[PDB]
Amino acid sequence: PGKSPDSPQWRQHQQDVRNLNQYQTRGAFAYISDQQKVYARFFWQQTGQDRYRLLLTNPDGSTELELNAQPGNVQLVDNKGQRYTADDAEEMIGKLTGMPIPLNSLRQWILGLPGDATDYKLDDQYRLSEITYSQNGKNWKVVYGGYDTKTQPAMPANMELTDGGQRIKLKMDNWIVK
């Protein structure tokens, strides 16, 4: 079934998450595709609508990918050590790895927020459960597994995006929000 989006509950959850200033999660990443299949331990952290830090490390614990972002500026480090700093991150990302990801929408979806999507669903607990988003050509389909209910508000703990041609998995061990 799942509860309806038009409700004080679903609206409060959004307020609860939007009312946060700092986020911090870590888990297992997994980028499937025809061209490649990367795996990594990821560390996500956001301190504002712009001031987040993403980090992917190899199995031996080496920097597979590092992305720092402040308002206006955006740095990116590869598995080698080449900083390709510039402006746009959602582009600067895919371009520099062949992973055409909707980073901007994603930093909203990873928090249980739907962003612009208007085609989504909730679960029995008025929590984001699914999304069907059409981004400039690409048609993603975000699915949410169990939630981390040990935080207030509760944050996502298992996500699975799919663009037909690509596929991203994420499983969060825990969260720290403020």
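In this text, residue numbers run from 1 along the sequence as written.
**Student:** Regarding 20-28 and 157-165, which shows the higher C-alpha temperature factor on average in the entry?
**Tutor:** Looking at the recorded C-alpha B-factors, 157-165 comes out higher on average.
**Student:** Averaged over C-alpha atoms, is the B-factor higher for 67-75 or for 98-106 in this PDB entry?
**Tutor:** Here the higher of the two C-alpha B-factor means belongs to 98-106.
**Student:** Among 151, 132, 135, 62, which carries the highest Cα B-factor?
**Tutor:** Max CA B-factor in the entry, restricted to 151, 132, 135, 62: 135.
**Student:** Sort the modelled residues of this chain by their C-alpha B factor and say whether residue 146 lands in the lowest, middle or highest third.
**Tutor:** Middle third.
**Student:** Based on the deposited C-alpha B factors for this chain, I'd like to know if residue 112 is in the lowest, middle or highest third.
**Tutor:** Its C-alpha B-factor, which the entry lists for residue 112, ranks in the lowest third among residues of this chain.
**Student:** Lowest, middle or highest third: where is residue 139 by C-alpha B factor in its chain?
**Tutor:** It falls in the top third of the chain.
**Student:** Where does residue 5 sit by CA temperature factor within its chain: lowest, middle or highest third?
**Tutor:** Ranked within chain, residue 5 CA B lands in the lowest tercile.
**Student:** Quick check for you: using the entry's CA B-factors within this chain, is residue 118 in the lowest, middle or highest third?
**Tutor:** For residue 118, the deposited C-alpha B-factor lands in the middle third.
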